[PDB]
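Protein chains in written order, with the UniProt record's numbering: chain A, 1 to 459; chain B, 34 to 87; chain C, 1 to 347; chain D, 1 to 98; chain E, 69 to 156; chain F, 38 to 357; chain G, 28 to 76; chain H, 552 to 606; chain I, 51 to 154.
Below is one structure, written out as structure tokens; the observations come after it.
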Amino acid sequence: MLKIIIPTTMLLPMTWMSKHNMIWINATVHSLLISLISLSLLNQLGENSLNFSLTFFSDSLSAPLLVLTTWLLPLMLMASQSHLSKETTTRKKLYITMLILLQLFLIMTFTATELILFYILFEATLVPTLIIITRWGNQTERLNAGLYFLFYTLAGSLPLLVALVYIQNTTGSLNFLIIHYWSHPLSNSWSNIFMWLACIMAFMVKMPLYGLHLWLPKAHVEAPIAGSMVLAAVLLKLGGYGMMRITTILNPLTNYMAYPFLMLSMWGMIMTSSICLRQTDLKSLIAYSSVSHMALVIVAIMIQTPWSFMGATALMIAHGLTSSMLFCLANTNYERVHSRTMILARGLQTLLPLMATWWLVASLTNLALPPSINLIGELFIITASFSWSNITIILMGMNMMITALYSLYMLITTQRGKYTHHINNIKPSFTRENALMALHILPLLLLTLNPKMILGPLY
Amino acid sequence: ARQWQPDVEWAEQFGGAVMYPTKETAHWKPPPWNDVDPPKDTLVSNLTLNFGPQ
Amino acid sequence: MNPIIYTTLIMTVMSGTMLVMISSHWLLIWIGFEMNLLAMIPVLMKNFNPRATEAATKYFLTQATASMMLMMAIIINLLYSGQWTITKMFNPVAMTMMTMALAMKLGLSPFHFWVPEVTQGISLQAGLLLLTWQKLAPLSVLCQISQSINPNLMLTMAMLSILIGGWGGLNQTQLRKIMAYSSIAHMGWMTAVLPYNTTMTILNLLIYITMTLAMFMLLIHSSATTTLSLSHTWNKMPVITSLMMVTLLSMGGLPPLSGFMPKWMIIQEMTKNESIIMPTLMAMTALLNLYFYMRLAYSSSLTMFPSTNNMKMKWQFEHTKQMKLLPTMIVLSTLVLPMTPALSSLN
Amino acid sequence: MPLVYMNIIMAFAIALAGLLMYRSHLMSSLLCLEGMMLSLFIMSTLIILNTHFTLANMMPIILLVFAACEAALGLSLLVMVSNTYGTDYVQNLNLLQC
Amino acid sequence: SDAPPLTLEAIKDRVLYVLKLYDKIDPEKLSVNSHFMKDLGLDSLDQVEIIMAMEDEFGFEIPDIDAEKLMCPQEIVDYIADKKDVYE
Amino acid sequence: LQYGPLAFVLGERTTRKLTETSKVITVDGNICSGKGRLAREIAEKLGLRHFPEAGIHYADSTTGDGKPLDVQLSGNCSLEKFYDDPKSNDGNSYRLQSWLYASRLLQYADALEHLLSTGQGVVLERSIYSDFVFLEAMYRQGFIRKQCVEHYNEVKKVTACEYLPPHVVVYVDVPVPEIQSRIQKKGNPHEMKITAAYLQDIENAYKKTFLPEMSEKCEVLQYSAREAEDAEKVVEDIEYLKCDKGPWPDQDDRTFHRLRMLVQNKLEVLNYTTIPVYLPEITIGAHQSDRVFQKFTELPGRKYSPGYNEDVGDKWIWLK
Amino acid sequence: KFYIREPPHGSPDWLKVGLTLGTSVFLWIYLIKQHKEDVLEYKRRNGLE
Amino acid sequence: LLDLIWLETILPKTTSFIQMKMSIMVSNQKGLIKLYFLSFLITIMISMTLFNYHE
Amino acid sequence: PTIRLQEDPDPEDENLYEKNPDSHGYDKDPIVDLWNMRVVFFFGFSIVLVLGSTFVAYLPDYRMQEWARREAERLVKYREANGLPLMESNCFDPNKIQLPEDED
Ligand SMILES: CCCCCCCCCCCCCCCCCC(=O)OC[C@H](COP(=O)([O-])OCC(O)COP(=O)([O-])OC[C@@H](COC(=O)CCCCCCCCCCCCCCCCC)OC(=O)CCCCCCCCCCCCCCCCC)OC(=O)CCCCCCCCCCCCCCCCC
Ligand SMILES: CCCCCCCCCCCCCCCCC[C@@H](O)O[C@H](CO[C@H](O)CCCCCCCCCCCCCCC)COP(=O)(O)OCC[N+](C)(C)C
Ligand SMILES: CCCCCCCCCCCCCCCCC[C@@H](O)O[C@H](CO[C@H](O)CCCCCCCCCCCCCCC)COP(=O)(O)OCC[N+](C)(C)C
Ligand SMILES: CCCCCCCCCCCCCCCCC[C@@H](O)O[C@H](CO[C@H](O)CCCCCCCCCCCCCCC)COP(=O)(O)OCC[N+](C)(C)C
Ligand SMILES: CCCCCCCC/C=C\CCCCCCCC(=O)O[C@H](COC(=O)CCCCCCC/C=C/CCCCCCCC)COP(=O)(O)OCCN
Ligand SMILES: CCCCCCCCCCCC(=O)SCCNC(=O)CCNC(=O)[C@H](O)C(C)(C)COP(=O)(O)O
Ligand SMILES: Nc1ncnc2c1ncn2[C@@H]1O[C@H](COP(=O)(O)OP(=O)(O)O)[C@@H](O)[C@H]1O
């Protein structure tokens, strides 16, 4: 596993010793090469994981997440260098250092064999994100958002630590292989109920679960473009990965304690999708669509079936790609008109036709058009939920109808109609922006031909 | 087209004696720039004595 | 004050602490405390500035009351058993008296009132001394008598200290009072694990001392005692503000920084003794400390406050006297977590 | 325990209560400190004499010495405070808050 | 907290209470606009005594000048309002 | 071995260096007087170091190379613009006054350091003690607000209290019409716009406040325009003074140790000049602060410490 | 150049540099020898060699 | 009603309000030794009775 | 001055097409910008997108799908030949199971 970790570490001295006008080129090239190397982890077994050493292991669930994490870094660098042009050299290097440290922490988090090491890295991911948001955000709300990001997470995850060191004192190990092989049932008691709550709420806050989602529309909106990309694409999936790992020791108690979270997710899906219909901020609309999408992942993890797990993995990867693309598409217009209001700049398809095509494709993937992997994950989750209870089809189906409603609405408001007269600074699209959209969308469509690579360990 | 940074109105919130001013606490004043208070010129009275005539 | 007199007073303070830490006789421990207080009073008054006189008077009264209680506890223990050796304190009433006296010496809640006032009243160097070197002797005495400490009283005082430090730090714009409340909370963390494991107490003390030394030396380097004065440092020394922000993050207990190691090591220990609710309350209460560290990080490093015209003059001059141990202190206070197992060298 | 022992312990408790309850004068509190030291001296001497611990007979004398260092210290501070306010009232020590 | 937000009505009430506490003035007679000399038959030394009583009541030094003109209760209220910066 | 507590412990004392000629001397007077020439002649006759009056770019002459820096990176104020528009709405007047006070404080620290390290006396034109006469005239003419005066007094209260006032205060008294004629003959187009009320206010501040409170701690030597040109008479008048009124004889070796530890380390001298009091005349926004600081750093010899700049010829940097 | 002579300049303090390098070299040599003796003593105690 | 008001009201706004109130209560001490030394006396008596009289 | 400080005016944004009509939107320097475009396109579309997709397409069957199909074919052939049931309801031999003493 060090053949990926060490080059990521070498990105730091390479960035700091680079020339004033070469940092972006070197960072992009070498992050792309690290993505190419990380592609080799997709060669997974059918029975057990890739146990590299006592510390790191790779699995059919974590390999696609690692590939997405390594692929996102060149895209963040490409999208960041435009709004950081007037910046001093040392602060550009510090920004790239934040991105590199975040990538290193995520790579180590997704492969750690031991739950306490996973916890330590999953918490270490907070510092670079907070620094990015509160230092390179644009508005005065970025401070408040940062606090909401910091304390929503910790308040959920501090009990988890207390639970983890508790478990190792009774079972003797926190190694995931030993944890899985030596599994024992969870008895029905108040102590076991609170141990279940301590092991779950930390990941539920990260999803985020409806009710504890208030930090997301602040953090994603107030963060710079790279911050929002990494927050939507990868940092949300940490909760899903942690829940899928830790639900092993929670059975059969999950059969009883999943009801409140299942109801919260199935109703907050409708709530967030309906909120998206009345949103004056385009970035806020995208952020709320993220919560609506992640509620389905929460449901799939809660019901604990192989089909639900496959759907959760596929939906997680597809959502990462789609939401990153949508954030970049919104930022392209933001750097033109310097406002996040959706109805300020209209009729942009007349003035920017190819970017309108990019908008259409991103909206199509957002509403889960077949045969996109978004649709694959959504349909697998819906089938598993239908097996869990037929009445679920009423809610899930409703969500679909709402999801197509606010997606195309978002497309119609910004692309169709007539252009606004006074806005006369809308320049033609750059090759950087077009290439960024293409590198977002091409892997998404390519994954249709080989979906088993994102269907997780239950395939 | 410019990132927001704190101004005087923002900075003045941290210039009081306490973070959250309270009706009673609003009368507290910040300490002097050096930790030196104005010298309390207390009038130390001299003893007045009659010497003589007896 | 003469440099020779200052040096001899500092030597007397460290000699009192050493006499406390090397003695096997209760009378010699009491004598060490007396000597430490006697030499410590003038160090707080090195700069006259009558607020220092107030701080010294308050410190003297508190420490002398604690010393009287300590001597009474010693005498009661001698009465109920003709023993002078420092051991498990055969009488329980004497044990309670000594626990309260040492808590008063340390500044644990609800004996915490004097710490913010004394720290604000003295200079930054005196505050560094008071918040780092002064904790060793009472903690060293507590570690020797831990097997007889009533867990209920000590844990109540520890929880009170954590809560009160967290709450008191929120309302502060003065940096020295912020440091004092941080000190109170860390003292509570130190004494929470003392009845279960003294090695964890020593580890927390060492990590806290290095972080406090880093913070105080950084506040000395940029001569700021308030939030608004520290908000000017970015326009003179950005590196100092960056290192200050990293140290503040470490003191909040955020992984993978050094300040996470004590709490992580304490909670685990408390779990092996079937204490679950207590570590959870302490861990959630430390978020207040984190919040008022983060507010300072916002004011000093993550945003740029307005500056003044005369700061341009300061651009032309360099810091003359340099603290040699500051880089080591910063590195030890941030990048040390991977070497956690070395704690076994402390027992 | 005989009645003399609890009388000395009661004297110590009374002096501690006197110190902890300030009226106005710092000198009154310093007198309470000296009284606590005196009660400690008497108690320790009685215990040492009763049990015929011969070496410990030097202990109370030492206890007296560090009593003076505490008095001379306190008096010194009482001078400085006085020089600031012309009065030894403890209400004047309120520049520093919590 | 410190002293309450004193108003003009408070100033007038205190001034009239002080004036009615003077022996050489009948209480029911004097009005707010009554001159000290013409209506009440007071001389300069009585006015000086009244001004000293005002200084005791409100606790601020009124010099010899800026006291030779405060000749009815009403101008006294105006002077106190101007010195203490009260308007409503 | 830089001076410090260790050097005080082993030997070095300052009272042994003083040889009755220490005599910090300041030579004050109104605008366009003969005080500069008189001070130079006094320093020549008495063998003292002369400090020319501190201007906007005084600090530049002591750091890096003595060449002045750009007005944007140093001062950010203009005396010429102050004469052109004394009531400008950009805050030039008080910014210039505050910068000049800071420069005078730095020069006083430098002079005291020289005297306490070598024992040789120093001569100055003005000082921090006589700077206020320019502030009051600014305030009485309506050029600055009351808040600026309060800020100036706040800065002066916590700075001047740490230093010893001069032994000898020489004043050159020249009437307002004569300095007006000298200004007109001088030829400076900006300096001719000085009103007689401004000069009269400067004189009123000098005579009403400065000299009366300077004379209560040491003797003051007042001279006229014609007798100021006779430098030998002034020098022997200084020679036959009886200095027993100031705190200078009341200074011990430990007080001199504290003062010498303060006069070096100019960052501590200038500590309270930038107090966080936000007046518009001197407060600078974060964006301008950042831009100007980055511009300052890009100066040829200012990026690193004085011995670590490879672009001004420093060598063996990798071994220092 | 500069106004003040800046005594710390192009000629580095060779006494300090020599002392620093000598301390580093002495520490490295001592550590190497200590490791060698430690290995020899460990192999002697355990009957390995 | 839910997202911008009540979900804000219950978890984060209530927490901030309670912590601010507690901070004001804790730090609002005038600095008079006469008050918190009497507090010390109360604490010492409570410790001697509640904890020491039941071991 | 009715303003609270001395601040720079907010500057207007720079159009990269003004000085470089073929700008690619990567950098102000035309040569650095052109090489940034070339390096991004080559290492993203030519190397990772094409060669990576080809590598993933031809990954060897480590999941053992063909192996499982062959084993299933062999078992179906054998069990149909012998007439045994195609699947057994028990995955574990009952002779190796030790149930508790009695049903009550
Ligand atoms: C479990 C294992 C772990 C254990 C952990 C242990 C604890 C960890 C650390 C605890 C916390 C540390 C806190 C440090 C307090 C610092 C306070 C301070 O001095 O000012 C702050 C100081 C102020 O900075 P500044 O503003 O720039 O200075 C301005 C001046 O202060 C302006 O003032 P000035 O003008 O007056 O300048 C005077 C200056 C200049 O000094 C001079 O000029 C020197 C002149 C010489 C004078 C001659 C005096 C001789 C006569 C006196 C004799 C006295 C005898 C007493 C004995 C009586 C016996 C009964 O001197 C000083 O500034 C201070 C002098 C310090 C002297 C220290 C002597 C140590 C005494 C030891 C006693 C023990 C003896 C044995 C006891 C036996 C039992 C009885 O800042 C710092 O010093 C930076 C912090 C550095 C701290 C150390 C970091 C950690 C330690 C790492 C080392 C390794 C430790 C482990 C070793 C283990 C064994 C090998
Ligand atoms: C905004 C989003 C936040 C996240 C939401 C998280 C939801 C957490 C809720 C946890 C769900 C279940 C917890 C415990 C299981 C049952 C709880 C109780 O209601 O059921 C009865 C429990 O009986 C009584 O009702 C006791 C509970 C009454 C006191 C609990 C307070 C409930 C009020 C709602 C509080 C709001 C929770 C969220 C806080 C903000 C069951 O009857 P009984 O057979 O006897 O007990 C069986 C359990 N055994 C096996 C351990 C014995
Ligand atoms: C932030 C990290 C901590 C920094 C601490 C300072 C670092 C500098 C090292 C200090 C030098 C002094 C130690 C070496 C001198 C020899 C020590 C010897 O004389 O004393 C022994 C003691 O040796 C010391 O205990 C070992 C010191 C090692 C300190 C490092 C541990 C740090 C915790 C792990 C965090 C990782 C940090 C590693 C550095 C980056 C005797 O042991 P003993 O008298 O019988 O036990 C006393 C305590 N009892 C009785 C109550 C049990
Ligand atoms: C602008 C003009 C547009 C129109 C004109 C274009 C002209 C036509 C071009 C379009 C081609 C249409 C595609 C039709 C399908 C044919 C290709 C197919 O045969 O290949 C697939 C192969 O597809 C690959 O398996 C999928 C590629 C994997 C995608 C990975 C993306 C690269 C990494 C980038 C990072 C992104 C992060 C993603 C996180 C998970 C079949 O899979 P498989 O059945 O097996 O192969 C059977 C034979 N094998 C097994 C021996 C090899
Ligand atoms: C955004 C906010 C998110 C909020 C997250 C907080 C929810 C966490 C739920 C409780 C956390 C504490 C659990 C500690 C870890 C459990 C380990 C364990 O099993 O210990 C239990 C102990 O369990 C407890 O003591 C827990 C009691 C609760 C104490 C702290 C109260 C915190 C709030 C609880 C109610 C809220 C829970 C849901 C909140 C949802 C978010 C609003 C039993 O151990 P033994 O003593 O050995 O028993 C066997 C031998 N007799
Ligand atoms: C305990 C008892 C101690 C007694 C001590 C007594 C002290 C004696 C002090 C003697 C000092 C004088 O006589 S001082 C000399 C006072 N003589 C004059 O002023 C002459 C002009 N008289 C007037 O103008 C008016 O009649 C006037 C009465 C002033 C009213 O003034 P108004 O028109 O403006 O109200
Ligand atoms: N503190 C000050 N405030 C404003 N202007 C000053 C100040 N000090 C000196 N100046 C200006 O500096 C110019 C020259 O200084 P001055 O002493 O008057 O003449 P010179 O030193 O050349 O004989 C004058 O125009 C004077 O106004």
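Beta carbons are placed, not taken as given, at the ideal position from N, Cα and C, and that holds for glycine.
query = In chain order, what residues place their C-beta within less than 6 Å of a heavy atom belonging to ligand 5?
reply = A:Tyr152, A:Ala155, A:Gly156, A:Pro159, A:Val162, A:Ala163, A:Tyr166, A:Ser191, A:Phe194, A:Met195, A:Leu197, A:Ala198, A:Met201, A:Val205, A:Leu212, C:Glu274, C:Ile276, C:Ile277 and C:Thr280
Where the beta strand (DSSP E) containing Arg86 of chain F begins and where it ends = Taking the sixth sequence and counting its residues from 1, one reaches residue 86 of chain F at position 49. Element bounds for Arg86 of chain F: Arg86 to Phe88.
inquiry  = I'd like to confirm the pairing. Which residues does DSSP put opposite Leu161 of chain F in its beta bridges?
reply    = For the purposes of this step, residue 161 of chain F is identified with residue 124 of the sixth sequence, where counting begins at 1. BP columns for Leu161 of chain F point to F:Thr63 and F:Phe88.
request  = Using only the heavy atoms of ligand 7, determine whether one of them is closer than 6 Å to the beta carbon of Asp60 of chain I.
outcome  = Against the ninth sequence, residue 60 of chain I aligns to sequence position 10. Checking the Cβ of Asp60 of chain I against ligand 7 gives no.
task = List the residues of chain G whose Cβ lies closer than 7 Å to the Cβ of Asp107 of chain F, in chain order.
result = Indexing the sixth sequence from 1 puts residue 107 of chain F at position 70. In chain order: nothing, as chain G lies at least about 17 Å away.
message = Please enumerate, following chain order, all residues with a beta carbon closer than 5 Å to at least one heavy atom belonging to ligand 6.
response = E:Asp111 and E:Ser112
query = If you measure beta-carbon to beta-carbon, which residues of the stretch 65-84 of chain D are closer than 7 Å to chain C?
reply = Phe66, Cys69, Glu70, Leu73, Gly74, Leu77, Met80, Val81 and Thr84
ask   = Given that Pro203 of chain F touches chain G, what residues does it touch there, using C-beta distances under 9 Å?
value = The residue you call residue 203 of chain F lines up with position 166 of the sixth sequence. Within chain G, no residue comes near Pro203 of chain F; the closest Cβ sits about 25 Å away, beyond 9 Å.
Three-state secondary structure (DSSP) of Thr85 of chain C = Along the third sequence, read from residue 1 onward, the residue named residue 85 of chain C stands at position 85. Looking at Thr85 of chain C - three-state DSSP - the assignment turns out to be strand.
task = Name the two residues that bound the continuous alpha helix (DSSP H) containing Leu143 of chain F.
result = The sequence position of residue 143 of chain F within the sixth sequence is 106, counting from 1. From DSSP, the alpha helix (DSSP H) with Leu143 of chain F extends over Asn129 to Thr155.
task = Confirm the yes/no value for this check: CB of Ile209 of chain C, any heavy atom of ligand 1, distance under 6 Å.
result = Counting from one through the third sequence, the residue named residue 209 of chain C turns up at place 209. Flag set: Cβ of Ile209 of chain C near ligand 1.
query = Given a threshold of 16 other Cβ atoms within 10 Å of its Cβ, counted over all protein chains shown, does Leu216 of chain A qualify as buried or as exposed?
reply = On the first sequence, position 216 is the one that residue 216 of chain A refers to. The residue is buried, with at least 16 neighbouring Cβ atoms inside 10 Å.
ask   = Since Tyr208 of chain F sits in a beta bridge, which residues does DSSP pair it with?
value = Here residue 208 of chain F is taken as the residue at index 171 of the sixth sequence, counted from 1. Looking at the DSSP assignment, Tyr208 of chain F forms a beta bridge with F:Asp65 and F:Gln259.
request  = Step through the CB atoms of chain H and report whether any lies within less than 7 Å of the CB of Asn77 of chain C.
outcome  = Within the third sequence, numbered from 1, the residue matching residue 77 of chain C stands at position 77. Not one chain H Cβ lies under 7 Å of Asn77 of chain C.
message = Quick check: the Cα distance between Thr341 of chain A and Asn424 of chain A, rounded to an integer number of angstroms?
response = Residue numbering aside, residue 341 of chain A sits at position 341 when the first sequence is read from its first letter. Residue numbering aside, residue 424 of chain A sits at position 424 when the first sequence is read from its first letter. The alpha-carbon atoms of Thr341 of chain A and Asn424 of chain A are separated by roughly 17 Å.
ask   = With a CB to CB cut of under 7 Å and the five nearest residues on each side skipped, what residues in its chain are close to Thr97 of chain A?
value = Position 97 of the first sequence, counted from the first residue, corresponds to residue 97 of chain A. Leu12 and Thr15, listed in sequence order.
request  = Kindly give me the distance between the Cβ atoms of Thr247 of chain A and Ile301 of chain A, rounded to whole angstroms, as I take these residues to be in contact under 8 Å.
outcome  = In the first sequence, the residue the question calls residue 247 of chain A occupies position 247. In the first sequence, the residue the question calls residue 301 of chain A occupies position 301. So it is a contact: roughly 7 Å between Cβ atoms.
key: Check: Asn450 of chain A C-beta below 6 Å from any heavy atom of ligand 4   = By one-based count along the first sequence, residue 450 of chain A stands at place 450. Yes, Cβ of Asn450 of chain A sits closer than 6 Å to a heavy atom of ligand 4.
Any 3 or more C-beta pairs closer than 8 Å across the stretch 263-281 of chain F and the stretch 156-166 of chain F = no
task = Would you kindly check if the distance between the Cβ of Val170 of chain F and the Cβ of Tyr243 of chain F is under 7 Å?
result = Start at 1 with the first residue of the sixth sequence, and residue 243 of chain F comes out as number 206. Start at 1 with the first residue of the sixth sequence, and residue 170 of chain F comes out as number 133. Yes. Within cutoff.
ask   = Taking just the CA atoms, how far does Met159 of chain C sit from residue 383 of chain C?
value = Residue 383 of chain C is absent from the model: chain C starts at 1 and stops at 347.
task = Take the Cβ of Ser139 of chain I as the centre, count every other Cβ of all protein chains shown within 10 Å, and call the residue buried at 16 or more, exposed below.
result = For the purposes of this step, residue 139 of chain I is taken as residue 89 along the ninth sequence, with counting starting at 1. Label assigned to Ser139 of chain I: exposed.
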